[PDB]
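Take a look at the structure below.
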Amino acid sequence: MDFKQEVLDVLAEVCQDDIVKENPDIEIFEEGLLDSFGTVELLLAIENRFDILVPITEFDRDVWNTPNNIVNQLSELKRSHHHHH
Ligand SMILES: *O=P([O])([O])O[C]C([C])([C])[C]([O])C(=O)[N][C][C]C(=O)[N][C][C][S]
Ligand SMILES: [Mg+2]
Ligand SMILES: [Mg+2]
């Protein structure tokens, strides 16, 4: 699957709302689609699905504020934050 699409798939599942696909510029936190619990769930799901570890200390609601921006952040971090054998 396309990386962006697979990320949006995970996000939609954690948010339990496909709106994150329909409008990838929706303000996730301003619209209450995700809370702190959901943020942890999301980061854990990302590591499980992609083996990309995003430390909670790196997450910023202002930077990871829309589906598009989350996809973009993960894209930037993918290489350096992937587990190493
Ligand atoms: O990290 P946040 O989402 O901003 O935390 C919000 C808090 C501070 C209000 C937090 O205590 C909280 O979410 N309480 C509700 C119970 C819960 O879900 N705790 C786990 C937070 S990841
Ligand atoms: Mg937080
Ligand atoms: Mg950090």
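Position 1 is the first residue of the sequence; numbering continues from there.
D62 pairs by the side chain to side chain contact (heavy atoms under 4.5 Å, CB included) definition with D60, not counting sequence neighbours. When the salt bridge (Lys or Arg N to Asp or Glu O under 4.0 Å) test is applied to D17, no partner is found at least two apart in sequence or on another chain.
Side-chain atoms of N72 come within 3.5 Å of backbone atoms of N68 as a donor-acceptor pair (strictly under, hydrogens ignored). Remark: side-chain polar atoms of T39 are paired, donor with acceptor, to backbone N or O of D35 under 3.5 angstrom. A donor-acceptor pair is defined here as one N or O able to donate and one able to accept, closer than 3.5 Å; no such pair exists between the side chain of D18 and the backbone of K21.
Atom-to-atom distance recorded for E47:CD and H81:NE2 is 11.0 Å, nearest 0.5 angstrom. Within the model, atoms CZ of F3 and CD1 of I52 stand 4.0 Å from one another, a figure rounded to the nearest 0.5 Å. Taking CG from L34 and CG from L11, the interatomic distance works out to 7.0 Å, rounded to the nearest 0.5 Å.
The two atoms that bring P67 and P24 nearest to each other are CD-O, 3.3 Å, heavy atoms only. The shortest heavy-atom contact between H84 and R79 is CE1-O, 4.4 Å.
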Please evaluate residues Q73 and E58 with respect to the criterion side-chain contact (heavy atoms from CB on, under 4.5 Å), reporting the C-alpha separation (whole Å), side-chain torsions for both, the decisive distance (0.1 Å), and the verdict. CA-CA 11 Å; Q73 282 304 307; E58 215 180 305; 5.8 Å; no

So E13 and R49, side-chain contact (heavy atoms from CB on, under 4.5 Å) or not? Walk me through it. CA-CA 12 Å; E13 287 170 355; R49 184 72 65 90; 3.6 Å; yes

For the pair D51 and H82, evaluate side-chain hydrogen bond (donor to acceptor under 3.5 Å, both in side chains) and give the outcome as yes or no after the intermediate values. CA-CA 6 Å; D51 242 68; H82 192 285; 4.8 Å; no

Given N69 and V63, is the side-chain contact (heavy atoms from CB on, under 4.5 Å) satisfied, shown in steps? CA-CA 7 Å; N69 284 346; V63 176; over 6 Å; no

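Contact check for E27 versus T66: side-chain heavy atoms found under the 4.5 Å cut-off. Inter-residue side-chain proximity for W64 and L74 is flagged as met; some heavy-atom pair is nearer than 4.5 Å. Side-chain contact between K4 and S75 is absent, with no heavy atoms from C-beta onward closer than 4.5 Å.
The aromatic rings of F29 and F59 stand perpendicular to each other, their planes meeting at an angle above 60°, with 30° marking the opposite boundary.
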